[PDB]
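Chemist: mmCIF, C-alpha atoms (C1' of nucleotides), saved as query.cif, coming up:
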data_upload
loop_
_atom_site.label_atom_id
_atom_site.label_comp_id
_atom_site.auth_asym_id
_atom_site.auth_seq_id
_atom_site.Cartn_x
_atom_site.Cartn_y
_atom_site.Cartn_z
CA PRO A 1 -5.04 -94.89 169.27
CA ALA A 2 -3.16 -91.62 168.76
CA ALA A 3 -5.42 -90.04 171.31
CA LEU A 4 -3.80 -91.68 174.23
CA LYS A 5 -0.17 -91.11 173.24
CA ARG A 6 -1.21 -87.39 173.03
CA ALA A 7 -3.09 -87.42 176.35
CA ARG A 8 -0.24 -89.06 178.28
CA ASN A 9 2.31 -86.58 176.78
CA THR A 10 0.23 -83.36 177.43
CA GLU A 11 0.55 -84.25 181.02
CA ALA A 12 4.27 -85.23 180.90
CA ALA A 13 4.50 -81.73 179.35
CA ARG A 14 2.62 -80.06 182.14
CA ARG A 15 4.79 -81.66 184.94
CA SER A 16 7.87 -80.74 182.97
CA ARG A 17 6.90 -77.07 182.68
CA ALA A 18 6.32 -76.94 186.47
CA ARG A 19 9.81 -78.32 187.26
CA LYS A 20 11.38 -75.64 185.01
CA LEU A 21 9.67 -72.82 186.83
CA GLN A 22 10.80 -74.27 190.20
CA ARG A 23 14.40 -74.48 188.70
CA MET A 24 14.34 -70.83 187.63
CA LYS A 25 13.06 -69.79 191.01
CA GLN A 26 15.77 -71.56 193.03
CA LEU A 27 18.55 -69.91 190.99
CA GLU A 28 16.95 -66.50 191.42
CA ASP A 29 16.89 -67.18 195.21
CA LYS A 30 20.49 -68.53 195.44
CA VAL A 31 22.16 -65.72 193.46
CA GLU A 32 20.58 -63.47 196.00
CA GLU A 33 21.71 -65.57 198.99
CA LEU A 34 25.35 -65.80 197.78
CA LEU A 35 25.32 -62.04 197.13
CA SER A 36 24.55 -61.38 200.81
CA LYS A 37 26.96 -64.01 202.22
CA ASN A 38 29.54 -62.18 200.09
CA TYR A 39 28.84 -58.68 201.49
CA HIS A 40 29.38 -60.03 204.99
CA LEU A 41 32.52 -61.99 204.07
CA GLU A 42 34.02 -58.90 202.32
CA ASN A 43 33.29 -56.77 205.44
CA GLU A 44 34.85 -59.45 207.73
CA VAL A 45 38.11 -59.42 205.73
CA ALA A 46 38.10 -55.56 205.85
CA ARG A 47 37.67 -55.65 209.62
CA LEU A 48 40.31 -58.32 210.30
CA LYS A 49 42.61 -56.70 207.79
CA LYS A 50 42.65 -53.39 209.58
CA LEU A 51 43.74 -55.27 212.73
CA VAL A 52 46.07 -58.16 211.94
CA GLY A 53 49.47 -57.68 213.48
CA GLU A 54 47.61 -55.53 216.14
CA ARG A 55 46.71 -52.33 214.16
CA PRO B 1 -6.62 -60.09 158.45
CA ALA B 2 -6.03 -62.51 161.32
CA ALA B 3 -3.05 -63.86 159.44
CA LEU B 4 -0.88 -60.92 160.13
CA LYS B 5 -1.67 -60.51 163.83
CA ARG B 6 -0.60 -64.22 164.08
CA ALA B 7 2.54 -63.76 161.96
CA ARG B 8 3.77 -60.73 163.91
CA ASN B 9 3.16 -62.55 167.26
CA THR B 10 4.89 -65.89 166.28
CA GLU B 11 7.96 -63.83 165.92
CA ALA B 12 7.47 -61.75 169.13
CA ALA B 13 7.19 -65.26 170.63
CA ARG B 14 10.41 -66.48 169.10
CA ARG B 15 12.47 -63.43 170.35
CA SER B 16 10.89 -63.84 173.75
CA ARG B 17 11.87 -67.51 174.04
CA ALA B 18 15.48 -66.60 173.14
CA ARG B 19 15.72 -63.94 175.91
CA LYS B 20 14.48 -66.51 178.48
CA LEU B 21 17.17 -68.99 177.59
CA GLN B 22 19.84 -66.25 177.84
CA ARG B 23 18.31 -65.33 181.31
CA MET B 24 18.54 -68.92 182.54
CA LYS B 25 22.09 -69.18 181.33
CA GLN B 26 23.35 -66.05 183.10
CA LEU B 27 21.96 -67.23 186.46
CA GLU B 28 23.53 -70.65 186.00
CA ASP B 29 26.87 -68.85 185.34
CA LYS B 30 26.59 -66.37 188.27
CA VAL B 31 25.65 -68.93 190.95
CA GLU B 32 28.82 -70.63 189.93
CA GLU B 33 30.91 -67.43 190.00
CA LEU B 34 29.65 -66.39 193.49
CA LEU B 35 30.30 -69.93 194.73
CA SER B 36 34.01 -69.59 193.85
CA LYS B 37 34.41 -66.00 195.12
CA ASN B 38 32.99 -67.44 198.35
CA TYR B 39 35.50 -70.31 198.68
CA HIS B 40 38.33 -67.81 198.40
CA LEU B 41 36.77 -65.31 200.81
CA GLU B 42 36.14 -68.10 203.40
CA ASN B 43 39.81 -69.23 203.08
CA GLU B 44 41.04 -65.59 203.45
CA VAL B 45 39.12 -65.17 206.73
CA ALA B 46 40.54 -68.54 207.95
CA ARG B 47 44.06 -67.39 207.13
CA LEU B 48 43.77 -63.92 208.68
CA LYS B 49 41.91 -65.39 211.63
CA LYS B 50 44.72 -67.72 212.55
CA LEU B 51 47.03 -64.68 212.64
CA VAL B 52 45.28 -61.59 214.00
CA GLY B 53 46.86 -60.37 217.18
CA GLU B 54 50.10 -62.04 215.85
CA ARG B 55 49.34 -65.82 216.24
"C1'" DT C 1 -6.71 -43.20 173.45
"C1'" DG C 2 -5.84 -47.46 171.10
"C1'" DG C 3 -2.77 -49.62 169.41
"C1'" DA C 4 1.55 -52.63 169.35
"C1'" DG C 5 4.59 -55.85 171.59
"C1'" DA C 6 5.92 -58.93 175.51
"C1'" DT C 7 4.65 -62.96 178.00
"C1'" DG C 8 2.27 -66.92 180.62
"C1'" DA C 9 0.48 -71.44 179.71
"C1'" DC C 10 -1.32 -74.42 176.64
"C1'" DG C 11 -0.93 -78.67 173.30
"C1'" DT C 12 1.80 -80.75 169.95
"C1'" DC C 13 5.55 -83.04 167.44
"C1'" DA C 14 10.28 -85.20 167.11
"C1'" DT C 15 13.93 -86.72 169.65
"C1'" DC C 16 16.76 -88.44 173.75
"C1'" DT C 17 17.55 -91.79 177.38
"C1'" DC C 18 16.60 -95.31 180.04
"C1'" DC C 19 15.40 -100.64 182.43
"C1'" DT D 1 14.79 -105.03 173.08
"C1'" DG D 2 11.13 -101.73 172.77
"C1'" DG D 3 8.76 -99.32 175.14
"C1'" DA D 4 7.64 -95.22 178.24
"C1'" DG D 5 8.62 -90.63 179.84
"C1'" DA D 6 11.25 -86.19 179.70
"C1'" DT D 7 12.25 -82.25 176.94
"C1'" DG D 8 13.41 -78.71 173.17
"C1'" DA D 9 11.05 -75.61 170.11
"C1'" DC D 10 7.18 -74.57 167.78
"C1'" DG D 11 2.60 -71.75 167.12
"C1'" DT D 12 -1.29 -70.07 169.37
"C1'" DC D 13 -4.48 -67.59 172.41
"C1'" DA D 14 -5.58 -64.18 176.20
"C1'" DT D 15 -3.74 -60.79 178.89
"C1'" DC D 16 -0.51 -57.00 180.58
"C1'" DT D 17 1.77 -52.59 179.87
"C1'" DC D 18 3.10 -48.95 177.57
"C1'" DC D 19 3.57 -43.87 174.48
#
Can the structure from this file be put into structure tokens for me?

Modeler:
Amino acid sequence: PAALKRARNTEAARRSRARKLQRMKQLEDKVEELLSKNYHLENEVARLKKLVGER
Amino acid sequence: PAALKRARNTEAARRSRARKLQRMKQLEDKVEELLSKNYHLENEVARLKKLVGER
DNA sequence: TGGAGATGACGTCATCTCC
DNA sequence: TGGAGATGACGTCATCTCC
């Protein structure tokens, strides 16, 4: 009966919502990570720049 | 009547969903941007590294 | 104040994409 | 194949957070 097609999907719907919230969270975390790897890489270049050649 | 509290919220609900999809999209785009700024900054350091001092 | 609007999380339906 | 499961987008309800 209808009942069971609905039951089985309410749950496929619940798992699905949970994956989406773990996707959003990873992105939020990675933007943040790449933003800090960048500050250090842009300092590194500044440092080596004021130095290459020998001064 | 109830009717109108529901009407007004169905719409606050529609705007809200649209903001969320523009949030997800910006993150997707920025992870990507910071990943390419990084490849170039890690090449830059490699280049200047094999050079500082003079060789 | 209390009153409005924004948002989580639900359940549903219609559509896709697979073995 | 067709049959199951994953997903968009809806509408709703209960809760928050503000001026």

Chemist: Taking only C-alpha atoms (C1' of nucleotides) into account, what are the residues of chain B at most 10 Å from chain D, put as an NGL selection string?

Modeler: :B and (6-7 or 9-11 or 13-14 or 17)

Chemist: Mind pulling up the distance from CA of residue 33 (chain A) to CA of residue 29 (chain B)?

Modeler: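 Answer for the CA of residue 29 (chain B) to CA of residue 33 (chain A) separation: 15.0 Å.
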
Chemist: For the interface of chain B with chain A (cut-off 6 Å, counting all atoms listed in the file), please tabulate each contacting residue of chain B alongside its nearest pair of atoms and their separation in Å to one decimal, rows sorted by chain and increasing number, as a Markdown table.

Modeler:
| residue | atom | partner | partner_atom | distance |
| --- | --- | --- | --- | --- |
| B:31 | CA | A:31 | CA | 5.4 |
| B:45 | CA | A:45 | CA | 5.9 |
| B:52 | CA | A:52 | CA | 4.1 |
| B:53 | CA | A:54 | CA | 5.0 |
| B:54 | CA | A:53 | CA | 5.0 |

Chemist: Can you spit out the residues from that selection as a PDB file, in the coordinates of the input, using C-alpha atoms?

Modeler:
ATOM      1  CA  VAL B  31      25.650 -68.930 190.950  1.00  0.00           C
ATOM      2  CA  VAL B  45      39.120 -65.170 206.730  1.00  0.00           C
ATOM      3  CA  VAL B  52      45.280 -61.590 214.000  1.00  0.00           C
ATOM      4  CA  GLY B  53      46.860 -60.370 217.180  1.00  0.00           C
ATOM      5  CA  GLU B  54      50.100 -62.040 215.850  1.00  0.00           C
TER       6      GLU B  54
END

Chemist: Just to confirm, what's the straight-line distance from CA of residue 18 (chain B) to CA of residue 26 (chain A) in Å (one decimal)?

Modeler: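 Distance reported for this atom pair: 20.5 Å.
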
Chemist: What does the structure give for the distance between CA of residue 15 (chain A) and CA of residue 2 (chain A), in Å to one decimal?

Modeler: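 Answer for the CA of residue 15 (chain A) to CA of residue 2 (chain A) separation: 20.6 Å.
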